[PDB]
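Enquirer: Every letter in the sequence shown is one number past the one before it in the numbering used here, and letter 64, counting from 1, is 205. After the structure tokens below, expect a handful of questions from me.
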Amino acid sequence: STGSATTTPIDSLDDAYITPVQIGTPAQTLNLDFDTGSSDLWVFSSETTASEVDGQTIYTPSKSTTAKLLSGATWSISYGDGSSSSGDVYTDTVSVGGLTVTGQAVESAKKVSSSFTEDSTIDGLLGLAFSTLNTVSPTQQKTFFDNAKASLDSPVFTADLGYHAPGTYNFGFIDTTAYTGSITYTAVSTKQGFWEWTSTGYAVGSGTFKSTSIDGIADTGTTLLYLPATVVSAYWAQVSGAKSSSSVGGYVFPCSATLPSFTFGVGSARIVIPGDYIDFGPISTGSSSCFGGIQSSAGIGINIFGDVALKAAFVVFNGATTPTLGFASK
Numbered sequence: 142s143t144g145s146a147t148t149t150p151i152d153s154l155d156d157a158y159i160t161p162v163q164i165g166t167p168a169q170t171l172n173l174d175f176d177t178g179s180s181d182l183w184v185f186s187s188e189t190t191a192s193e194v195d196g197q198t199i200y201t202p203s204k205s206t207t208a209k210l211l212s213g214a215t216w217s218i219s220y221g222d223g224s225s226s227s228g229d230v231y232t233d234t235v236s237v238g239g240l241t242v243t244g245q246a247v248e249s250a251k252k253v254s255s256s257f258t259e260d261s262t263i264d265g266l267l268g269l270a271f272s273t274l275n276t277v278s279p280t281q282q283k284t285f286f287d288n289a290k291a292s293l294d295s296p297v298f299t300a301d302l303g304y305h306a307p308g309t310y311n312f313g314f315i316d317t318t319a320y321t322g323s324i325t326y327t328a329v330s331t332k333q334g335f336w337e338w339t340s341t342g343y344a345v346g347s348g349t350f351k352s353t354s355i356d357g358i359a360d361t362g363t364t365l366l367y368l369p370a371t372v373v374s375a376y377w378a379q380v381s382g383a384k385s386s387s388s389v390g391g392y393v394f395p396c397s398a399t400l401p402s403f404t405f406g407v408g409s410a411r412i413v414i415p416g417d418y419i420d421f422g423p424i425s426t427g428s429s430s431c432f433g434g435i436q437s438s439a440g441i442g443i444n445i446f447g448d449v450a451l452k453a454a455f456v457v458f459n460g461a462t463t464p465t466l467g468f469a470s471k
């Protein structure tokens with residue numbers, strides 16, 4: 142089997158992407174944030190504290206003839222950005238882009254943090270990291286991909302995120318029309334539960350390429366590109382007036398600037414992020430200070446190849462017995 146679904150930016154900055162997901166019988170379609178940096182499929186629901194729901198579409202398990210309480214199971218997650226959610230668990234039928242999994246754990250939120258409430262466009266998350274990170278207790282549950290894997294034509298999914306435009310998540314096949322040149326594959330460590338890999342270096346603009354190993358995670362659920370302070374400083378030094386602002390919480394730059402590109406290495410191959418992808422707009426409405434899309438990972442504890450990086454590529458998440466990651470230009 143295969144599946145193919147369009148993913149759409151939630152706003153004009155590409156802060157996140159939402160993908161429609163069918164849950165239950167008859168289908169309840171919710172727009173979920175597909176997140177290769179976590180492993181829980183959780184939704185706003187009829188059980189979510191009423192004051193914490195503000196415009197989201199909810200899953201109502203009592204209206205699904207295929208829903209079953211997963212008795213005794215609870216979940217609780219905290220994300221790298223400080224947001225969180227928790228609740229109980231149902232199993233139900235879940236379909237993405239025509240690919241159907243029966244008995245998928247659907248984690249129903251009883252509580253969500255304010256950042257989730259405040260984002261009306263995101264009805265929940267669909268985790269695509271390794272199932273070892275799933276938070277359900279006392280019986281850990283499998284991701285949608287893990288459940289689908291054996292049925293797929295090939296045990297892969299691909300992320301093709303758009304810049305200020307829709308893109309595509311495919312399951313079970315590689316669309317050879319969706320990228321240019323060849324796909325370069327690189328080793329993955331699953332030791333921390335992430336799609337963790339090592340970039341071979343970087344360049345800023347038309348500058349020379351610096352060969353250096355940068356361990357990080359491929360994370361569709363993180364907006365920005367978070368890299369070591371040395372790398373980030375080298376980038377912003379090429380933008381007149383750019384500075385790190387402790388009050389704002391990262392590098393800002395004059396909105397009048399033209400940003401240089403940023404290149405990262407994948408083996409001997411190179412992925413070029415155009416300068417415009419690095420612009421996250423005014424820090425507040427009307428400001429002439431703009432927020433940068435490349436930020437320091439210092440104090441995160443890990444480098445994160447988030448959407449800024451991934452949307453410059455066609456990315457293969459190869460879930461074979463020994464997983465790997467592939468990147469192509471597009």
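In this text, a Cβ means the ideal position worked out from N, Cα and C, and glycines have one as well.
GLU337 to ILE412, Cα distance in whole Å?
Expert: On the sequence shown, position 196 is the one that residue 337 refers to. On the sequence shown, position 271 is the one that residue 412 refers to. So the two alpha carbons sit approximately 17 angstroms from each other.
Enquirer: Buried or exposed: which applies to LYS332, given that a residue is buried once 16 or more other Cβ atoms fall within 10 Å of its Cβ?
Expert: The residue you call residue 332 lines up with position 191 of the sequence shown. Answer is exposed; the Cβ neighbour count stays below 16.
Enquirer: Would you list the residues sitting across from residue 482 in a DSSP beta bridge?
Expert: Residue 482 falls outside the range modelled here, since the chain spans only 142 to 471, and no answer is possible.
Enquirer: Evaluate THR160 with the Cβ neighbour count: other Cβ atoms within 10 Å of its Cβ, from every protein chain shown; 16 or more gives buried, anything less gives exposed.
Expert: Against the sequence shown, residue 160 aligns to sequence position 19. Buried, since its Cβ has 16 or more Cβ neighbours within 10 Å.
Enquirer: Would you say the segment 271–286 touches the segment 175–183, given that touching needs at least three Cβ pairs under 8 angstroms?
Expert: yes
Enquirer: In chain order, what residues of the same chain lie with their CB nearer than 7 angstroms to the CB of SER226, ignoring the 5 residues before and after it?
Expert: Along the sequence shown, one-based indexing puts residue 226 at 85. Hits under 7 angstroms: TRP183, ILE218, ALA250, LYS252, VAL253, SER254, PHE257.
Enquirer: Only counting runs of 4 or more residues, tell me where the alpha helix (DSSP H) segments fall wholly within the segment 331–384, in order along the chain.
Expert: Those alpha helix (DSSP H) runs which fall completely within the segment 331–384 and span 4+ residues are 370–377.
Enquirer: Label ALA439 either buried or exposed according to how many other C-beta atoms from any shown protein chain fall within 10 Å of its C-beta, with 16 as the threshold for buried.
Expert: Counting from 1 along the sequence shown, the entry for residue 439 is found at position 298. With fewer than 16 Cβ atoms within 10 Å of its Cβ, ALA439 is classed as exposed.
Enquirer: Going by beta carbon distance, what residues of the same chain come within less than 8 angstroms of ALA398, once the five residues before and after it are set aside?
Expert: Translated into the one-based positions of the sequence shown, residue 398 becomes position 257. Only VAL380, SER381, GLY382, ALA383, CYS431 meet the Cβ criterion.
Enquirer: Are at least three pairs of beta-carbons, each pair with one atom in the segment 411–427 and one in the segment 291–299, less than 8 angstroms apart?
Expert: no
Enquirer: Excluding the 5 residues preceding and the 5 following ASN311 in the sequence, name in chain order all residues of the same chain whose CB lies nearer than 6 angstroms to its CB.
Expert: Counting from one through the sequence shown, the residue named residue 311 turns up at place 170. Around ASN311: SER145, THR299.
Enquirer: Take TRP216 as the anchor and find which of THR207, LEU210, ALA208, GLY228 has the nearest alpha-carbon.
Expert: Looking up residue 216 in the sequence shown gives position 75. Closest by alpha carbon: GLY228.
Enquirer: With DSSP as the reference, please indicate the residues paired to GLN163 in a beta bridge.
Expert: What you label residue 163 is simply residue 22 of the sequence shown in a count that begins at 1. For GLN163, which the question treats as bridged, DSSP gives the partners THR170, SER236.
Enquirer: If you drop the 5 nearest sequence neighbours on each side, which residues of the same chain put their C-beta closer than 6 angstroms to that of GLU188?
Expert: Here residue 188 refers to the residue found at position 47 when the sequence shown is read from its first residue. So the list reads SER249, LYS251, once near-sequence residues are dropped.
Enquirer: In the DSSP assignment, find the beta strand (DSSP E) that holds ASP301 and state where it starts and stops.
Expert: The residue given as residue 301 occupies position 160 in the sequence shown. Start and end: 297–301.
Enquirer: Using the three-state DSSP reduction, which class does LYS290 fall into: helix, strand or coil?
Expert: If you number the sequence shown from 1, residue 290 lands on position 149. Helix at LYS290.
Enquirer: With a CB to CB cut of under 7 angstroms and the five nearest residues on each side skipped, what residues in its chain are close to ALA454?
Expert: Here residue 454 corresponds to residue number 313 of the sequence shown, with the count starting at 1. Same-chain partners within the cutoff: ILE412, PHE468, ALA469, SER470, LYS471.
Enquirer: Of the choices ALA378, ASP316, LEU365, whose alpha-carbon is the least far from that of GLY346?
Expert: The residue you call residue 346 lines up with position 205 of the sequence shown. It is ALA378.
Enquirer: Work out the CA separation of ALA270 and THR276 for me, nearest whole Å.
Expert: Position 135 of the sequence shown holds residue 276. Position 129 of the sequence shown holds residue 270. Computed Cα separation, rounded: 12 angstroms.
Enquirer: Output needed for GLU193: all residues of its chain with C-beta closer than 6 angstroms, excluding positions within five of it in sequence on either side, in chain order.
Expert: Residue mapping note: residue 193 aligns to position 52 of the sequence shown, counting from 1. Excluding residues within five positions, the ones whose Cβ falls inside 6 angstroms are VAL253, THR258.
Enquirer: Does the beta-carbon of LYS452 have 16 or more other beta-carbons within 10 angstroms, so that it is buried, or is it exposed?
Expert: For the purposes of this step, residue 452 is identified with residue 311 of the sequence shown, where counting begins at 1. The residue is buried, with at least 16 neighbouring Cβ atoms inside 10 Å.
Enquirer: Does the Cβ-Cβ distance between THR147 and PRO307 come in under 9 angstroms?
Expert: Along the sequence shown, one-based indexing puts residue 147 at 6. Along the sequence shown, one-based indexing puts residue 307 at 166. Going by C-beta atoms, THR147 is nearer than 9 angstroms to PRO307.
Enquirer: Measure the Cβ-Cβ separation of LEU171 and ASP264 and say whether it is below 9 angstroms.
Expert: Taking the sequence shown and counting its residues from 1, the one referred to as residue 171 is at position 30. Taking the sequence shown and counting its residues from 1, the one referred to as residue 264 is at position 123. Yes, they are a contact pair.
Enquirer: Start and end of the beta strand (DSSP E) containing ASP420?
Expert: In the sequence shown, residue 420 corresponds to position 279, counting from 1. Taken as a continuous stretch (DSSP letters only), the beta strand (DSSP E) holding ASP420 covers 420–423.
Enquirer: Below 8 angstroms on the Cβ atoms is my contact criterion, and I expect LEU211 with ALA246 to pass it. Report the Cβ-Cβ distance as a whole number of Å.
Expert: Within the sequence shown, numbered from 1, the residue matching residue 211 stands at position 70. Within the sequence shown, numbered from 1, the residue matching residue 246 stands at position 105. Contact holds; Cβ gap of about 6 angstroms.
Enquirer: Can you give the beta carbon distance from residue 473 to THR465, rounded, assuming they're within the 8 angstroms contact cut?
Expert: An answer regarding residue 473 cannot be provided, because it is not within the stretch 142 to 471 covered by the chain.
Enquirer: Contact defined as beta carbons within less than 8 angstroms: I believe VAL297 pairs with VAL457. What is the distance between those atoms, to the nearest angstrom?
Expert: As a first step, residue 297 is located in the sequence shown; it is residue number 156 there, counting from the start. As a first step, residue 457 is located in the sequence shown; it is residue number 316 there, counting from the start. The pair is a contact, with the Cβ atoms about 6 angstroms apart (cut-off 8 angstroms).
Enquirer: What does the alpha-carbon distance come out to for the pair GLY362 and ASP420?
Expert: Position 221 of the sequence shown, counted from the start, is the residue given in the question as residue 362. Position 279 of the sequence shown, counted from the start, is the residue given in the question as residue 420. Their Cα atoms are separated by approximately 18 angstroms.
Enquirer: Which residues does DSSP pair with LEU466 in a beta bridge?
Expert: For the purposes of this step, residue 466 is taken as residue 325 along the sequence shown, with counting starting at 1. The partner list for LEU466 (beta bridge, DSSP) reads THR327, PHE458.
Enquirer: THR189 lies in the beta strand (DSSP E); which residues open and close that run?
Expert: Working through the sequence shown from its first residue, we reach residue 189 at position 48. Neither: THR189 is in no beta strand (DSSP E) and is coded neither H nor E.
Enquirer: Find out if the Cβ-Cβ distance for the pair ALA191, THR280 is shorter than 9 angstroms.
Expert: On the sequence shown, residue 191 is found 50 positions in, with the first residue counted as 1. On the sequence shown, residue 280 is found 139 positions in, with the first residue counted as 1. No, the pair does not count as a contact, with Cβ atoms beyond the cut-off.
Enquirer: If we count the other Cβ atoms within 10 Å of its Cβ and call it buried at 16 or more, is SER429 buried or exposed?
Expert: The count along the sequence shown starts at 1 and reaches residue 429 at position 288. The residue is exposed, with fewer than 16 neighbouring Cβ atoms inside 10 Å.
Enquirer: What residue range is occupied by the uninterrupted alpha helix (DSSP H) comprising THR258?
Expert: Here residue 258 refers to the residue found at position 117 when the sequence shown is read from its first residue. Looking at the DSSP string, the run of the alpha helix (DSSP H) that includes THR258 is 255–258.
Enquirer: Would you kindly report the start and end of the unbroken beta strand (DSSP E) that includes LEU451?
Expert: The residue labelled residue 451 in the question sits at position 310 within the sequence shown. Bounds of any beta strand (DSSP E) do not take in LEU451; it lies within the alpha helix (DSSP H) bounded by 448–451.
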